[PDB]
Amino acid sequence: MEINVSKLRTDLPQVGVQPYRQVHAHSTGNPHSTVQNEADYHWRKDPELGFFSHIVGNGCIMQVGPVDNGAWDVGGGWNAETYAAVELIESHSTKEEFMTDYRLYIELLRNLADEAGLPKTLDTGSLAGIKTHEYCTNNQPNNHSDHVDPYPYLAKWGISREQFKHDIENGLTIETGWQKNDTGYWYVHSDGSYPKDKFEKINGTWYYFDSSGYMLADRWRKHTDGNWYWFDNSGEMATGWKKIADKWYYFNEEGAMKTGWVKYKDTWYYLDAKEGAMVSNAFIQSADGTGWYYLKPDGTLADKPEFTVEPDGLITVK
């Protein structure tokens, strides 16, 4: 992993003695500090106020103290078991920024446990392994701590204590971008979320995803704007003219199915106001209700319709 050691303090005291049986998972408790803020403060601060080894934030890891040397990180006896103490910043604005750092945090904690010759377990009853500050607060001997990080901050962004344990113990893989199974496609954002019952523009193209997250393909959808949209076999939102089930429809540049008069090259077409399909061999009343326009069998507006009237008088138009 890439580790920034520019603020790694080399003047910190050893706490306890080897072997160190624990890696400690923390969060800063600061809603505004960046990873650099934390490193700079840690750099100049009085170590007796507490110290640690790594800070994860803003897409990077800054090692601020030694490993395998104990630490004053959990306010109690298990300071003497600290192989490493990893802090996660709490200043994320979005779940995406959080997940980016959470991935590094999980990988770092797991790596440090392996390096220290410890089980990759979270908050178990054995002395060794990865322990949260909460677990230390609750279980360490000679405890002087009331901290319960990082569970509250993780829960904020949707990581339950059961998920944290699972990620620590299994590692974390988030398959992002287009995904597919036997049922259909879905699209996973950087943070693991995916669109459901909504439009999403992906790589310059609009798609719609159903309530389970499945991309709509070869399907109509009446949107919330009261408009009809159509999605072809690739899921792409229809624009322009489309022949759908042997009928012609027209969609504007924003995908909305149009009704009424639409110009096409040298001619005009009329799309049924009720069902949307191109109308043919029909009279359409003018907007001022003065008169009528005739649409030929091929759908094109009759520029110069000619009429013959039988005695009936049945009208034939041409």
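In case it trips you up, residue 1 is the first one in the sequence shown, and so on.
When 137-145 is weighed against 115-123, 137-145 comes out higher, by mean CA B-factor as recorded in the entry. For the pair 82-90 and 181-189, the mean Cα B-factor is higher in 181-189. Comparing C-alpha B-factors across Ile174, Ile130, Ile106, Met99 in the deposited entry, the largest value falls on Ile174. In the PDB entry, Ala25 places in the lowest third of its chain by CA B-factor. Among the modelled residues of its chain, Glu38 has a C-alpha B-factor that falls in the middle third, as given in the PDB entry. For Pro150, the recorded CA temperature factor ranks within the lowest third of the chain's modelled residues. In the PDB entry, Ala217 places in the middle third of its chain by CA B-factor.
When the CA B factors of the chain's modelled residues are split into thirds, the value for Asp246 lands in the highest one.
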